[PDB]
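I have placed the structure first, in the form of C-alpha cells, so that the comments after it can refer back to it.
Chains as they are written, first to last, in the entry's author numbering: chain A, 1 to 194, 211 to 473; chain D, 1 to 90; chain C, 1 to 90; chain B, 1 to 90.
Have a look at this one:
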C-alpha cells in the first residue's frame, strides 16, 4: 500500500474501527507515550480504563492511542491538542472521544486554510475535488469526518499532501496526521483496509437417526406368515416370495408429533363426548374439531381495534381487570403471563377463584391438567367460556415445553373460534393487555396438543 | 438479599450482551425484542442460562444448555423461540 | 428463592421499558448505556425504583423518588446521572 | 449591513456545532429540532448566546449565560427548553 492509499483507506475507516487491535494489545504499546505516561503513570489498569472509555463512546482505542503518540505531550493541554484538560485523565479522554464522535457526525467542510497562519495556496481544482469527496463519498462517523474540518494540516494530508511542506504553504512544515497515525497502527500490528439454516439440516439428520431408532426395536409375529408387526412397523406377506412393509399408526404419531411438538406428542388422554352436552355444561356454544390444523387466522386485536363482526360474536363478559387484583402470579414474577389471564378471566366467567398450580410448573401447554385435577371437565371442542391449553404450533403456542393458554370467547359456524390472550405479540408480559385472536378450527387428531378446559364450579 | 438483586441485573446484562452478537440492533423494535427474549430465558430457563453465561468455551451454545445435544430438539426450540421473540439464541 | 430472581428480572425489564420512553434507541451505544443505567439504579436505589415502577400515576417521576421534591436536588442528581450514563430519568 | 448578515450566519453555525456535541444526530427529526432551537436561542437570548460562543473556557455552560449561577433556575430553564425543542444545552 502506497502512502496515498494508506491515507485514503484510513480517513474512510469508521471512527470506531478497532484496526485489528484490542485494548489489551494497545496497553503495553502505549506505555511511555505522552499522557499515558504523564497522567496514567504507565499503569496498565488506568490505560485500560481510558482505552475502554473511548471505545464505549464510539472512538477506536487504536486511533486515539495513535493520535496521542504522534501529537506528543504538552502538560498544559488535554488529550486533544490545543484544549485545556477537562477534569482527570479519564474524564478528559471521555470528553475528547465525545467531541470526535460529534464532529464526525457534524455538518462540516474541509479546513483549506490554517486559522493561525492564513495562506490560500491550494489549487481551486483540488479544493473542489476534496469538498466533493468530503460531502458525497465520506459518510458520517468516518475518521476523516472527525479530523478534516478541525485543521488545515488534516485537510492537506487528505487531499493535497504537498501542502504540508513550507514550500507550498509558505509558513512551516506540518506533520501528516493520517499517514503518521496509519503507520503507528500498522507498526503496532493494526491493519487498515477501509442464520440457523444449518440447525434445520441437523434437525433433518436427527429425524433420519430417529428413523434408525424406531427400527432398533425387534418385530413380533402378528398371527402367522401373513403378518410380522411390532408397535412401529408391519411386515405383511404379499405372496409366496413377497412381503410388503407397512408402518404401525403409533410410528406415524411417534415422529409426526415430533415434527410439530418436541415432547408429550399425543397421550391419547381421557377426553369428552363429541356431543356438546350444553346441558351437561354450565352454558355457551361449542364446535367439533373439523381437521384443517391451520392456526391463528387473524388476531392480537385489543378490544378497541377488534373488527365489529368478531366483537358482536363475543358471548362472554368483557374481561374486568378487578379479577386480576390479588393474582398469585404477581408474587412469582409471572405478571401478565397467559396463565394469569386464564386464571382471572375463568374466575370472572365461572364466579369462583380458579386454580393456578398443582405443586408442579404450570404453563400454557399444561394448565388444563391443573384445572382437570380440580374437577374442570376439559374437551377437544372449542367451547365459549372455556380455557384452552396449546402445545407449540397451536393457538399461538411458540415455545416447546411452555405452550400457550387463554379463553375461548366466540365460536363460528365455519368451526373457527375467537380467543382472549395475554403475553402474545405485540403486548408481551407483563403488559396485561387482552388480545383477541381468530383460530382456524381444531385438527381431529390434535389430542393433548390442544385441550379445552372449563372453570371449576 | 442485596447481592441477589445485583447478581440478577448482572446476569441479565451478560445474557443481553452475548445474544446481541447474533442479533441486528438497527431497529428499536429488535432491541425491545432481545430485552424481552433475555428476561423470558432467565425466568423459564434460569439454570441453563446461568451455565451458558459462566461458560468460557468459545464454541458454547445456549441451545445446547436449553434443549440438550439433540439437533432436532435444538432446532424445534430455536424455531419456536424465534417465532415468538424474533431473536437468535445460537 | 426462585421467585426473587424472577422478580428482579421483571423489575429490570419494567424499568428499562419505562426509561426507554425518554431515551432515543437509534444507536447501539445508547441501548448498552440504558441497560447499565437501569442496573445501577436498581443496585443503588432499589426502594425508590420499585416505588416508581409500581406507581400507576401518569405524572410519576423517578427523580422525585430518588432526590425528593427539591427541584435543585433533582437537577443535581439528574445532571450527575446523565453525565455518567448519557441516560434520561425524568 | 453585509458584515452583520455574515456574522449572524457564523454565530448560527458556531452555536449549532457547539450544541451538536451534546445532541445525537442519527435522526433527521433531531437535526431539524437543533436548527430551530439554535435560532430560538439567538432570537430570544442573543447576548447570552454570543457570550457563550466567544467563551474559550473548557467548562463554559450556555445555561449559566441564560439562567445565571442558580442551579434550580438553570434546571427549570433546561427542562422547559428540552420539553419544547428536545435539545440539550448544557
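For every residue, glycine included, the Cβ atom is placed at its ideal position computed from N, Cα and C.
Asked, Found
"Runs of alpha helix (DSSP H) wholly within the stretch 38-66 of chain B (minimum 4 residues, chain order)", "46-54"
"Cross-chain neighbours of residue 6 of chain C in chain A, by beta carbon under 8 Å", "348, 349, 350"
"is_contact[residue 9 of chain C, chain D] using C-beta, thresh 8 Å", "yes"
"C-beta contact flag for residue 241 of chain A and residue 253 of chain A at 8 Å", "yes"
"Beta carbon of residue 39 of chain B nearer than 8 Å to that of residue 12 of chain B", "yes"
"Buried/exposed call for residue 381 of chain A, threshold 16 Cβ in 10 Å", "buried"
"Neighbour-count burial assignment, residue 220 of chain A, 16 or more Cβ in a 10 Å radius", "exposed"
"C-alpha distance - residue 232 of chain A paired with residue 332 of chain A, whole-angstrom precision", "52 Å"
"Residues that residue 451 of chain A bridges to, as DSSP identifies them", "A:437"
"Any non-hydrogen atom of the ligand ADP closer than 7 Å to residue 114 of chain A Cβ", "The ligand ADP is absent from the structure shown, which contains no ligand whatsoever."
"Pair within 8 Å by beta-carbon distance, residue 434 of chain A and residue 445 of chain A", "no"
"Residues that residue 196 of chain A bridges to, as DSSP identifies them", "There are no coordinates for residue 196 of chain A in this structure, because the numbering of chain A runs from 194 directly to 211."
"Ranges of the beta strand (DSSP E) found wholly within the stretch 255-308 of chain A, counting only runs of at least 3", "258-263"
"Three CB pairs or more closer than 8 Å across the stretch 61-75 of chain A and the stretch 14-32 of chain A", "yes"
"Every unbroken beta strand (DSSP E) inside the stretch 353-378 of chain A [3 residues or more]", "none"
"Chain-ordered neighbours of residue 25 of chain D on chain A, where CB pairs are closer than 8 Å", "By Cβ distance, chain A contributes nothing, its closest Cβ being about 14 Å from residue 25 of chain D, past 8 Å."
"Classification of residue 452 of chain A by the beta-carbon crowding that lies within 10 angstroms, buried from 16 upward", "buried"
"Contacts of residue 58 of chain A in chain C (Cβ-Cβ under 7 Å)", "29"
"Reduced DSSP secondary structure (H/G/I, E/B, other) of residue 445 of chain A", "coil"
"Nonlocal neighbours in the same chain, by C-beta distance under 8 Å from residue 90 of chain B, ignoring five residues either side", "22, 61, 62, 63, 78"
"With 16 other Cβ atoms within 10 Å as the buried cut-off, status of residue 1 of chain A", "exposed"
"Helix, strand or coil at residue 426 of chain A [DSSP, three-state]", "strand"
"Beta-carbon proximity of residue 89 of chain A to residue 156 of chain A, cut-off 8 Å", "no"
"Chain-ordered neighbours of residue 44 of chain D on chain A, where CB pairs are closer than 7 Å", "418"
"Where residue 3 of chain C meets chain A, residues with beta-carbon distance less than 8 Å", "347, 348, 349"
"Other residues of its chain near residue 372 of chain A: CB distance less than 6 Å, five sequence neighbours each side excluded", "344, 359"
"Whether residue 66 of chain C touches residue 85 of chain C by CB criterion (8 Å)", "no"
"Straight-line Cα distance separating residue 17 of chain B from residue 72 of chain C", "29 Å"
"Simplified DSSP state of residue 90 of chain B, which is helix, strand or coil", "coil"
"Beta-carbon proximity list for residue 51 of chain C, same chain, < 8 Å, skipping 5 on both sides", "65"
"Cβ-Cβ distance between residue 394 of chain A and residue 469 of chain A below 8 Å", "yes"
"Limits of the alpha helix (DSSP H) - the one that residue 185 of chain A falls within", "177-188"
"Backbone CA spacing between residue 25 of chain A and residue 188 of chain A [nearest angstrom]", "8 Å"
"Closest residue to residue 334 of chain A among A:417, A:44, A:423 (Cα-Cα distance)", "A:423"
"First and last residue of the uninterrupted beta strand (DSSP E) at residue 312 of chain A", "312-317"
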